[PDB]
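Peer 1: This one's experimental. Sequence and coordinates below.
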Amino acid sequence: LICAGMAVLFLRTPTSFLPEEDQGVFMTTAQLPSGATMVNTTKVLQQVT
Amino acid sequence: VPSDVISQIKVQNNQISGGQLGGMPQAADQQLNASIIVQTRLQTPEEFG
């Protein structure tokens, strides 16, 4: 019965990889449609700023 | 003469960097940016012929 119990505990941990944390600084990316002129990218980045 | 044949093969079986329309630096009011294809390396024997 104890074997069944900690086998239930054994099956309780899925195969994840790693959790997240706090760092202090982050990054924002902007992607524009294919064939977009750099002027539009500059406008979008200025809007983000 | 074989020399001219070699020279012509070198010329016609050549890849040429065609640049692109509206590359950097560009005007302030254009929206089009596309690569330019000029010449590609030959593939088939009848292409060489």
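Peer 2: Nice, thanks for sending it over. Residues are numbered from 1 along each chain as shown, chains lettered A, B, ... in the order given.
Peer 1: Point me to the residue of chain B nearest chain A.
Peer 2: residue B:31 (4.9 Å; Cβ to the nearest Cβ). (C-beta placed from N, C-alpha, C; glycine too.)
Peer 1: Verify the stated contact: that residue with residue A:37.
Peer 2: Yes. With contact defined as Cβ atoms under 8 Å, residue B:31 reaches residue A:37; the gap is 4.9 Å.
Peer 1: Looking only at neighbour counts, state which of those two leads.
Peer 2: More crowded of residue B:31 and residue A:37, by other Cβ atoms under 10 Å in any protein chain shown: residue A:37, with 18 against 11.
Peer 1: Hmm, that one is touching residue B:30, no?
Peer 2: Yes. The criterion here is Cβ under 8 Å, and residue A:37 meets it with residue B:30 at 6.0 Å.
Peer 1: okay, and the common contacts of these two?
Peer 2: residue B:22 (Cβ atoms under 8 Å, 6 or more residues apart in numbering or on different chains).
Peer 1: which element is residue 24 on?
Peer 2: With no chain named, the answer covers chain A. Per DSSP states H and E, residue A:24 falls between elements, in no helix or strand.
Peer 1: circling back to that earlier point, now do the contacts for the residue of chain B closest to chain A.
Peer 2: Neighbouring residues of residue B:31 by Cβ under 8 Å, 6+ apart: A:36, A:37, A:39, A:40.
Peer 1: which residues touch the second one?
Peer 2: Spelled out, it's residue A:37. By Cβ under 8 Å, 6+ apart, the residues touching residue A:37 are B:22, B:26, B:30, B:31, B:32, B:33.
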